[PDB]
Every structure is written in structure tokens, then in C-alpha cells.
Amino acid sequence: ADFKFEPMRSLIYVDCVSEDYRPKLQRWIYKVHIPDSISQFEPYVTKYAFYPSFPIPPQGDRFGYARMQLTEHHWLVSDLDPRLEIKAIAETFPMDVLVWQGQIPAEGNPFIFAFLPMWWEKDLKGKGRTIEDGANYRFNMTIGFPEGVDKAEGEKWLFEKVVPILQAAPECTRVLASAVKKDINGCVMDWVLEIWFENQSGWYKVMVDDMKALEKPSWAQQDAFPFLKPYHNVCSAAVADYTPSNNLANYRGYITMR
């Protein structure tokens, strides 16, 4: 009978693989997926928000850049408790939605649904920074090390090799990380970081030019950082501090422009 109390913040990385698919995807998301979602989980989800992605930056393709948005949930219980499988009303969800997001063509790309605890486990740079300090270019990135790579070795590489370069860049204002909760849904990702910049240029200097300094790992799946396969072992997005799509509080139906 007992359902465990399990506060988590989860992230889904939502791509759009053609600009021709965008109107339709965005339609589905806002006209259909929102009300289905709320209808199901209003009683045990405290927050449901979309953070629309900034335009893909140069070489964003290599970071598995989600060209549509990030979907953020805050959970009081595990969505993967199997007792939750049962829904009186199920979502409306055509095959097409996967085509649009890139999960299948018409291999594709996996669906990345990452669970984290609600507060960051590590604060590595920018402790104490307020909203009055200014507008942020928030690059959220999640990585998963390829098959047969020691998780401790990946971590050592991450925090003793990658992060230090972010700490050295004055153009990087904030670094946060949390370990992915793998027991929840067997997400392949192991880490979620958020790295902040003043703007797109800042982002480029650090994640492309500064990282050229890095040594190509033995397990490297691409040539340059992040050395992980785009959309499979690395997804990301750049977002603003604010989103008007805080959905449990603000959604009033699919109102159309006149």
C-alpha cells in the first residue's frame, strides 16, 4: 500500500529535427500534451514547466542540442512506481511526435528523461549569485559515459579535468551538477550540469575554444569536447532564467491569435 515520499526534479530534452515539424510539434505540446499531463499528475506533481530553448548556437549539434525545449517536472512520488502505470485517461500521442523529436525517422535518437533530486548536489562556481547580478545564458547539459567505461573514471575526468576549465573562464559565471538517479528509470545519463554564461559568445569561447585544450579520452565517441555521441550520450539546451510556460499555474487553454 505505502507509496514512498520521493521529491525529485526531472528533465526531458525535447528536440525538433526540422523547422517544418515545429508548428506541429509545438501545437501538440501546448494544445494536447499539457492538459493530458495535468489531468494525470496534478495531485502529486508540484511544478510542470517548459523552458523553450534559445536558438541552437554554432556547433550545438555536437552537444545534442534540444532545438524545441526542456520539459521539467517536480515529483512527490516516482512516476516509475508500477502502480502508476494505470491511468483512467491516457495521453493522446501519435507516432508522428517521435518523428518530429527524432526518436524515429520517416536508428533514431533515444528519449532522455533524467531524474535528479530537487537541489543540486554540487555547486562548483558562482555560489551566491543573485538575479540582480544580471541575465544568464543557462546551458543545461547531461552526459552519459559509453558502455564499459568505469563510472568513477568518468567522474574523475568530469570534475578534475572538465570543470576546472569552466572555473578558469571569467566568461563562465556558474557551475552546478547532480548525479543522475539511475535506479528510477535506467536513464543512460550519469550527470546533469548547468553552466552559465553572459551570452552565446561566452558559451562558445569556453565550450569549444577553451575545451580544445582537453585531451581526447580513449573512450571518445567524437573528436572534440564533449567526446560523447550527440543526442545519445549527451543532450543539452541553453535557456533563460524565466519561462512563461509554468504550466500548473498559468495554462488557460489553447487560445488562438486573432
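From 1 onward, residues are counted along the sequence shown.
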Between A106 and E107, how many deposited residues lack coordinates (none, 1 to 3, 4 to 9, 10 or more)? 10 or more
Averaging the C-alpha temperature factors as deposited, the higher value of 92 to 100 versus 68 to 76 falls on 92 to 100
Mind pulling up the entry and telling me whether 138 to 146 or 152 to 160 has the higher mean Cα temperature factor? 152 to 160
When the CA B-factors of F41, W219, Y30, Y48 are compared as recorded in the entry, which is the largest? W219
Per the entry's values, where does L176 land by CA temperature factor relative to the rest of its chain, in the lowest, middle or highest third? lowest
Sorting by Cα B-factor within the chain, modelled residues only, which third would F227 end up in: lowest, middle or highest? highest
By the record's CA B-factor, is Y251 among the lowest, middle or highest third of residues in the chain? highest
Using the temperature factors of the C-alpha atoms in this entry, rank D36 within its chain: lowest, middle or highest third. lowest
